[PDB]
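# For now just these chains, pulled out of the complex without moving them:
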Amino acid sequence: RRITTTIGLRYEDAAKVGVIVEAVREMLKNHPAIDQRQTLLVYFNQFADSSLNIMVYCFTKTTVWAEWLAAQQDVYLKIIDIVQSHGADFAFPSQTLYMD
């Protein structure tokens, strides 16, 4: 079963992307539920409208629905902790407003 997601950081977090990517990759290489013989990619690869996007792309050992969902939830929570511990944050849709 495949786990794919996108981490959208703020444009003001551009100085942390590198280390954050490394951290996430390291976590995915130590998680017991992740199949280490399959594709495992964590890279900054997109300039979005409001965020810098980091792709996460991995596989789980199990094929059961509930176990895969639980592993995905655990990975997502760990990703949130990693992002917030480095001083970055997730980006909302953003706009620049010019007033009369």
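Everything's here; your move. Numbering: from 1, shown residues only, chains lettered A, B, ... in the order given.

# show me the contacts for residue A:35.
A:58-61 (CB atoms under 8 Å, 6 or more residues apart in numbering). Backbone N, C-alpha and C define where each C-beta goes, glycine included.

# What is the nearest of the residues you listed to residue A:25?
Of all the contacts of residue A:35, residue A:25 sits closest to residue A:58, with 9.8 Å by CB to CB.

# a helix runs through the closest one, doesn't it?
No. Residue A:58: not assigned to a helix; according to DSSP: H, G, I helix; E, B strand; the rest coil it is strand.

# and it, bridged to which residues?
residue A:3 (DSSP bridges).

# rewinding a little: are any of the contacts of residue A:35 buried, and which?
Burial by neighbour count, judged by 16 or more other CB atoms under 10 Å, picks out A:58-60 from the contacts of residue A:35.

# Would you reformat those as TSV and include distance to residue A:8?
Listed next are the buried ones among the contacts of residue A:35 as TSV, based on distance: CB to CB, whole Å:
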residue	distance to residue A:8
A:58	18
A:59	23
A:60	23
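
# For the strand or helix carrying residue A:55, name the packing helices and strands.
Using DSSP states H and E, residue A:55 sits within strand A:52-59. With contacts taken as 3 or more CB pairs under 8 Å, 6 or more residues apart in numbering; DSSP states H and E, strand A:52-59 sits against strand A:2-9, helix A:17-28, strand A:41-47.

# at 10 Å instead, please
strand A:2-9, helix A:17-28, strand A:41-47, helix A:65-85 (3 or more CB pairs under 10 Å, 6 or more residues apart in numbering; DSSP states H and E).

# As chain B, please add this:
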Amino acid sequence: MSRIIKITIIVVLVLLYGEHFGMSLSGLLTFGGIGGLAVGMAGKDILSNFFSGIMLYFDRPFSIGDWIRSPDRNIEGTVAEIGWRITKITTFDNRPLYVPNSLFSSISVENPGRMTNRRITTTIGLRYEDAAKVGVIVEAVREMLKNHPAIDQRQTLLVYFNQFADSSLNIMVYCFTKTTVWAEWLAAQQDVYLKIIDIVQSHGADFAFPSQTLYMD
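One more chain to add, chain B, which I have set with the ones above:
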């Protein structure tokens, strides 16, 4: 199934030997013609799949292990098996997909597994107030792309300001890498993007968010 074969063989034998104890040639011709017309129109797709399987056996654009694609249908994945009726392809979420062979006789097939380079394309959107810097920024970016060891200098390399967007001035970036490996290409792209961010921010410009002008009552 045995009964079906029984009835089919009885019909075929009656049609073939229907003269020694048989009857009207017009009637037998009409009966057999109706039956054969129905059978031929009904069995067209299976026979088409097998004919395309023979064609693939003799002239095949791909091989086992090739990543293939199509702009007409969804057949993306890596070829795992080529059969006489269907082709088995492993998708990128590790699922088997069974493509009927006749599709390969009517759609365009792309073979990314035989690519020579990986392409890096992106757009740098600067603020409209940065219009006085675009020029130098473009030059800077181009210079970096001509000194990066991961970039193929014998391929297309374009960096130009080419679009008035709604909220930004757009600069196209279009180049190729030497490697065709997935992870190495992604790492090179990440390095190039970080260098682009540094170049843009060191010249006093910035990336543009979607912008609006608001008039209040």
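
# Revisit what packs on strand A:52-59 given that chain B is now included?
Judged by 3 or more CB pairs under 10 Å, 6 or more residues apart in numbering or on different chains; DSSP states H and E, strand A:52-59 is in contact with strand A:2-9, helix A:17-28, strand A:41-47, helix A:65-85, helix B:182-202.

# Next, the angle from that strand to helix A:65-85.
150 degrees (axes from the mean of the first three to the mean of the last three CA atoms, to 10 degrees).

# Buried ones in strand A:52-59, by neighbour count?
By neighbour count on 16 or more other CB atoms under 10 Å in any protein chain shown, the buried set for strand A:52-59 is A:52, A:54-59.

# Same question for stretch A:41-48.
For stretch A:41-48, by 16+ other CB under 10 Å, it's A:41-45, A:47.

# Within reach of chain B, which of those residues are there?
Filtering the buried residues of stretch A:41-48 for proximity to chain B (criterion: CB under 10 Å from any CB of the partner chain) leaves A:41-45, A:47.

# Show me what from chain A comes close to chain B.
When proximity is defined by CB under 10 Å from any CB, chain A lies next to chain B at A:1-2, A:4, A:11, A:14-15, A:17-18, A:21, A:35, A:38-47, A:49-50, A:52, A:54-55, A:57, A:59, A:63, A:93-100.

# how about 8 Å then?
For chain A, the contact set with chain B under CB under 8 Å from any CB of the partner chain comprises A:1-2, A:11, A:14, A:17-18, A:21, A:38-39, A:41, A:43-45, A:47, A:49-50, A:59, A:94-100.

# Just the buried ones out of those residues, please.
A:1-2, A:11, A:14, A:17, A:21, A:41, A:43-45, A:47, A:59.

# so who does the closest residue to residue A:55 other than its chain neighbours touch?
Closest residue to residue A:55 apart from its sequence neighbours, by CB to CB, 6 or more residues apart in numbering or on different chains: residue A:45 at 5.4 Å. Contacts for residue A:45 (CB atoms under 8 Å, 6 or more residues apart in numbering or on different chains) come out as A:53-55, B:186, B:189-190, B:193.
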